[PDB]
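There are 2 protein chains.
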Amino acid sequence: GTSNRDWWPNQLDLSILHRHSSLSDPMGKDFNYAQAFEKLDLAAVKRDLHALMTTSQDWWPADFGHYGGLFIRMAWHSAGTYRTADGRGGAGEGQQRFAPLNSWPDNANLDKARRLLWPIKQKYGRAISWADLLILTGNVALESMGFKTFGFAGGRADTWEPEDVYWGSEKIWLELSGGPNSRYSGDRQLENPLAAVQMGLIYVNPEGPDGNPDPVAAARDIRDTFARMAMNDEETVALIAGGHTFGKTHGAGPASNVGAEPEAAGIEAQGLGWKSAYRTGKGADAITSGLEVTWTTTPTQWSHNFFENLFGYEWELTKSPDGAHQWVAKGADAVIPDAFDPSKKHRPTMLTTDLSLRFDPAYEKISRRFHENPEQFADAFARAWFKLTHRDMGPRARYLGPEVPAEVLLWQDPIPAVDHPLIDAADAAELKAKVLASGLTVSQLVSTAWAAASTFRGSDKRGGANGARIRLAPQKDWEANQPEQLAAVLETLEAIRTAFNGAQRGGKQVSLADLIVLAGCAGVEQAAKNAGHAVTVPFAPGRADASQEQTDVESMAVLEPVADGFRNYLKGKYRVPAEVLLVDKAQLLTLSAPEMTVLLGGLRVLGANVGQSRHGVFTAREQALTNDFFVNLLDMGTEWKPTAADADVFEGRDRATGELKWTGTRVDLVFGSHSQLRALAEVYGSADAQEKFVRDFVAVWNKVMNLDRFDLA
Amino acid sequence: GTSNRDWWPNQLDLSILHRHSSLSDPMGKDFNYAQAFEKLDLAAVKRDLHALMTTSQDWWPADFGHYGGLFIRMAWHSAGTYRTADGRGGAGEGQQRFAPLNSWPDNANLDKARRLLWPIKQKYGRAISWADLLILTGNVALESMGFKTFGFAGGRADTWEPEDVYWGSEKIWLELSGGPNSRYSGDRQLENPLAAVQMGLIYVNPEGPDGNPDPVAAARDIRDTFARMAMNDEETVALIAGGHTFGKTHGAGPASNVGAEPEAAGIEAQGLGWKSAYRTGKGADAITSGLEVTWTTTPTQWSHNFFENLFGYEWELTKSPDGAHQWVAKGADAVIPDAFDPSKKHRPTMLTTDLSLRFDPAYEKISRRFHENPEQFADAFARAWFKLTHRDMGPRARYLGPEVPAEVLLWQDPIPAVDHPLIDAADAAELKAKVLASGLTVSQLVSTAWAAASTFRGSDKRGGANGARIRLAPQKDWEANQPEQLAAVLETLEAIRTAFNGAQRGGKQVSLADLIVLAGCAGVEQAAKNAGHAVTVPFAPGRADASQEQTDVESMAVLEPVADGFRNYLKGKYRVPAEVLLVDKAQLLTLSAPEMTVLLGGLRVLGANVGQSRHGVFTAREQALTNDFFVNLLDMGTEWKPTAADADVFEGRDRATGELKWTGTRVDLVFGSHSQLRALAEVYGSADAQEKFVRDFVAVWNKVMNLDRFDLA
Ligand code: HEM
Ligand code: HEM
Ligand SMILES: [Cl-]
Ligand SMILES: [Cl-]
Ligand code: NA
Ligand code: NA
């Protein structure tokens, strides 16, 4: 069946904006997962999980009689797809059960782990999501084996279809670097937004970089990929040594024995894959990665034996039964247990990437400190495991249940509690009137509130106007935010705020976070008024102001908009067309095609463009909220041509006279070009659409203002 | 960006079931187009369209000063994608403005026609859809040029994204037959469901079959493709000769001059394509098909000149300025006007496919009758033009506005008016009790009402339970409908109906159409009771019984379900796997993936399978409405393997014992295989879901029972 994607493989793809519709969701329109989970008996689930760890199923027998290691791995892979660049991946939507992740080679045999959990999923039904369950099971595994976790939060709602994520351009699973779709260039520079060394891997190659077993050079890939998952050196050592305190790898026989991954398997396989022809195909004969390493003398118990071994022996290169490179301690006694035969013991073994922890000079200092002080190791791994498994969950307001840790961590971008009465509707009207009387313009008001709110991304639920981080480093200095104009606006708003708070009785006060958003509302209302329309923009107070000390400047860097088509802004020259970056930003902001369309056409005529550019400002009444963008864009009396100086800027000229009327960018003109976007623009550019345009603009404006307001959920 | 489609190009694609969500739709959830159109001033629209006909724009100057010909073509292409096999295509959704149809070669320069209509669309806004407007414009073109149309109905709501339609497998535009993805096999057999000879054509190649200028062999393609668009010989001759009474073709220079189609054109083209480097690129120099033919001496006026020319001259083969085959009149004078130069005239010309109307023996008899009796030609073309442009609109109850023809036509599958009081809630309870007391089983009741209602298809809105056509030829004889069992159920129902109607006072009576559906409802109620649930199934009366004379048996044949996964039925072996045909049927029935899932799992346990097959009957309490299908399908204690005798049938055996528990087909097992469908199955197979299952089943049941109920819309 030949498709549009085949005929026009470079057209913009809008279907990413309409995933996760009510059509695909089996739960009713009013189903609220938070409410279901809040009544779950979490202790009873955990008791069932605890029992499961030692209840072996014959179709996938438990190593050492304990599934703990398999489930830690499952839970680390669920969380380990996360990329700080865009917030995509991570455990927060249970995407390991869908394509492509369910069939990545690094997820081999995790289908078995998920199937072992079906009886418990089934028992508790909608009260616990798959997404939550994968992580909870990892925690219970750790607890059952003697490790004290840092806590657990529920609240990850299930999704019902694959997310659209750019995982790379390679067309071959696990393809070595330097091919025609190489994710590397320069001196081993991995392209953004990617966070793994090869297609279908979580982070790095366990044999070493493109299979070269050099622990020193493997360390470089480890450090780079972990950093791209937001983990520093201490957290990376803790997590890798922590995880490899448990279980074993599986490489009993040659990998040519292993059949089709789950999405390619026969229907009879009932969602499982990697069926193996090697001996029994499972248990003692299991093949997963092709490596055959067991790290500790007690694989089903927390210990400090990973570092005891790593430092206590000298290591020699050897090959597994699939020919993969790995390491053995030859001077050692056979002290490591066999997973199925009580009369067999084995020498200690390590992966190339484990030895990275000892032979990279920076990691060795951390590993030594953890070796000498296993209490510090345990605390670091607990904190890192929590961060790993929660990093994409959003503000603490989304955390559910009785085990949420009370310690507030800097990586959570914390927001102080509000301990005072909020402004009411009358107070909000008085504040809007003072904002408008200060002389701040519609353009300034709208640009500032847009700049504060539009940092939100739905992928990990970071960003948004809550916190007033726009006044702090680094957001106050981001080029897109127009640092000098921003500073002038914030100074006037802060004087309004000081006066208003100073006049109050009884504890009432307004945060700068709320006032920045409310001021933006007043600019939209004024713009509507300038066009002859009386509207009220909704506004919900309750944001609080975060301090500079509560704001990790380096972690904020990924939220900088380097492309924001809603402000006609491109920080530099990119390989990806500007219109594709626009749909990418729309997806992160959780907007549908119609909402992206209304919003951008309004922002254009309100003066939200960076630098006061005229590109796309197709109106003679700037700062009035009208549908002028669409009416003028779609006017066939105007002819458009790329400029001689810049092919990404277009001149719109009267077709008869040649007079220059407008200029625009690819972001502006795609609304007149793309067949679906133009059909949208036509709705808003029709003679009967002034009221609809205004109402829909206000609704999406309000939606953007509230994206991070999980305190009102 | 490598996608799931790339890695697993044969996995089942469910996104076709979630197209047309509220996310992609710019209108609000409550927007009702029928109500908007009912308030449009249609007379005012028509006046503006009349004015447009002769308001020539310099960017696409009107031939002969009159756009009429261009617009008739536009309207005929809008309607001309329709295939009777599946009901897909046609004018009813305005799909000509989206990919791929906006860029098919046969739609070249229809982008210009649609852009000429933007000022009018804009003026009237949401009150007239693009889909209605394309057809109305056709009609007005005809009227402006002196032809009285048979009428017009509004009510085609606009859609907002491309429909998923199989248009063929060729990867080259216009590919000639016998390639690696050939749509032809055998003795020129066109594959179902296709209705055109080459990818990107409406019906046939105007030069002749695969470009061979043989009018007799072209006739064969014309007859086959037109039949596959529901037109017989009389209607086909009328439409081709009627249409070619107007306008001209465009082939002024070589086609190498013509650039990118709209979906491939640069952004500055603003949604237009086929920009030509030949001379002015437009008007006198236009290139569209590459042929250069003008049929009549008055191309802007209705006349009888097409058949005068066809028969009045002998024809000689020649070549257009692009090298295409076409025909010129032997020894004729230059009598045909030039489209732009009043001092030029041309000899009469014809397409190969025009000459088919004279050289095919069956067409020649019709064409001669129309030549001798122009009033018969005029009436047949008016009727056929109405059929062409309304064939996919569905029942007459959907037709809006003041120009709807009062004559009821066979092709509309008409349903008699209801002229009598309907049964009320008391009467429905009494009828259900009589149904249940007759001894009809749950299986019989549910299977019969399924068979009656599930013929509906949303593509052209044909089919459904209204009319009671299940009791008529050919539906009563369809293998899927189990003719002998069906007859015995209809006999018992008809006795119940006769007794009930016989006892009424006033004119109250129930239709057999209503009673079939009501009886199905009673079976669902009884099934719920068998499972210990108290359930009332909604029922809406008002269906009427159609007669055999109101039921075209040959046109009904396309509605026969040859694959119906909801009854585990496959009439033969097909190229397409059975799970693909299931999702196809789900689409035609307007079901989302969750509705398809719930519905099939219920039907299985209610005994709706054809032939009482056990395949997928995963319950020990058949005829009880439970979620057993899901709970048993997902039981990992059961292992599935294909049978020796049939690889499309599977045995489910206890994994420990080897005992045979179940058998299933690919339709059954795909719910335990495909990662998205299995996620749905898991919701319904959870311990907390029996109530949700029952409720969701009754909702989708009722949906299916009401699919054709446009009288309640
Ligand atoms: C440089 C980073 C890492 C590399 C290259 C890596 C590599 C691997 C490989 C190749 C396996 C064997 C898979 C099999 O054949 O069955 C495995 C097992 C495992 N890994 Fe990792 N690992 C990494 C980090 C982590 C982290 C961060 C955790 C958790 C905190 C983790 C926990 C585990 C566990 C528990 C197992 C054992 C599986 C079982 O017992 O079935 N690893 N690792
Ligand atoms: C065998 C079926 C048919 C064939 C192969 C066919 C072919 C064509 C072609 C090749 C053109 C020239 C396009 C161009 O270069 O601009 C055209 C024009 C047109 N056809 Fe057809 N046609 C068919 C049936 C129809 C029908 C059913 C109608 C309407 C009832 C229709 C009405 C028109 C009209 C009005 C034009 C003229 C457009 C103008 O003046 O710009 N034809 N046809
Ligand atoms: Cl994601
Ligand atoms: Cl369609
Ligand atoms: Na994410
Ligand atoms: Na259709």
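Line by line, the protein sequences are chains D and U. Take 16 as the starting number for the first sequence in full-length UniProt numbering and just add one per residue. Take 16 as the starting number for the second sequence in full-length UniProt numbering and just add one per residue. C-beta atoms are modelled at their ideal positions from N, C-alpha and C, and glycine is treated no differently.
How far does the beta strand (DSSP E) with residue i in it reach, from first residue to last?
i                : result
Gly679 (chain U) : 675 to 680
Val343 (chain D) : 340 to 343
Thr653 (chain U) : 653 to 657
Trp330 (chain U) : 330 to 334
I'd like the span of the alpha helix (DSSP H) that includes residue i, first residue to last.
i                : result
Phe162 (chain U) : Per DSSP, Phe162 (chain U) belongs to no alpha helix (DSSP H) and is neither H nor E.
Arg383 (chain D) : 376 to 387
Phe665 (chain U) : Run containing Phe665 (chain U): none in the alpha helix (DSSP H); it sits in the beta strand (DSSP E), 664 to 669.
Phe326 (chain D) : 320 to 327
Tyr139 (chain D) : 133 to 139
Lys186 (chain U) : Counting along the chain, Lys186 (chain U) falls outside any alpha helix (DSSP H), and DSSP gives it neither H nor E.
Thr612 (chain D) : 608 to 621
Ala518 (chain U) : 498 to 518
For residue i, which residues from the same chain have a beta carbon less than 8 Å from its beta carbon, with the 5 sequence-adjacent residues on both sides left out?
i                : result
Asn207 (chain D) : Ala100
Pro489 (chain U) : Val568, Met571, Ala572, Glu575
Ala728 (chain U) : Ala49, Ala412, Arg413
Go through its chain and collect everything with a Cβ distance to residue i's Cβ below 7 Å, but skip five positions before and after it.
i                : result
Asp492 (chain D) : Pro498
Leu585 (chain D) : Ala578, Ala593
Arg512 (chain D) : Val525, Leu527, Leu530
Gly215 (chain D) : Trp119, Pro120, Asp121, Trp188, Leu189
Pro221 (chain U) : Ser304, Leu306, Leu366, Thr367, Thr368
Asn272 (chain D) : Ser291, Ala292, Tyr293, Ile302
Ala90 (chain U)  : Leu149, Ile150, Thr152, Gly153, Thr404
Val698 (chain D) : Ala704
Compare the C-alpha of residue i against each of the options and name the closest.
i                : options                                : result
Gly298 (chain D) : D:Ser526, D:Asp78, D:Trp289            : D:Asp78
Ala395 (chain D) : D:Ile255, D:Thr612, D:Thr641, D:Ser690 : D:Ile255
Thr333 (chain D) : D:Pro363, D:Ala354, D:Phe321           : D:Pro363
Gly616 (chain D) : D:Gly687, D:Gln602, D:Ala662           : D:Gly687
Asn583 (chain D) : D:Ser30, D:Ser607, D:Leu621            : D:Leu621
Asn320 (chain D) : D:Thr260, D:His265, D:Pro352, D:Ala279 : D:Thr260
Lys138 (chain D) : U:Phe471, U:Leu649, U:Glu178           : U:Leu649
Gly535 (chain U) : U:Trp133, U:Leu618, U:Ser93            : U:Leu618
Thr470 (chain U) : U:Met68, U:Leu191, U:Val219, U:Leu603  : U:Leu603
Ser458 (chain U) : U:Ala448, U:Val504, U:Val433           : U:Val504
Cβ-heavy atom distance between residue i and ligand 1 below 7 Å?
i                : result
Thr303 (chain D) : yes
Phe644 (chain U) : no
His259 (chain D) : yes
Can we count residue i as close to ligand 2, meaning its CB is less than 7 Å from some heavy atom?
i                : result
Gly580 (chain D) : no
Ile31 (chain U)  : no
Just to check, is the beta-carbon of residue i closer than 7 Å to a non-hydrogen atom of ligand 4?
i                : result
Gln602 (chain U) : no
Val180 (chain U) : yes
Looking only at its own chain, which residues have a Cβ that is under 6 Å from the Cβ of residue i, when we skip the five neighbours before and after it?
i                : result
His689 (chain D) : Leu27
Would the C-beta of residue i count as close to ligand 3, meaning under 7 Å from any of its heavy atoms?
i                : result
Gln111 (chain D) : no
Next item on the list: With a cut-off of 7 Å, give the chain-ordered residues whose Cβ is closer than this to any heavy atom of ligand 6.
Entry: Listed by chain position, these are U:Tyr97, U:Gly102, U:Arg103, U:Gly104, U:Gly105, U:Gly107, U:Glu108, U:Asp407, U:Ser474, U:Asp475.
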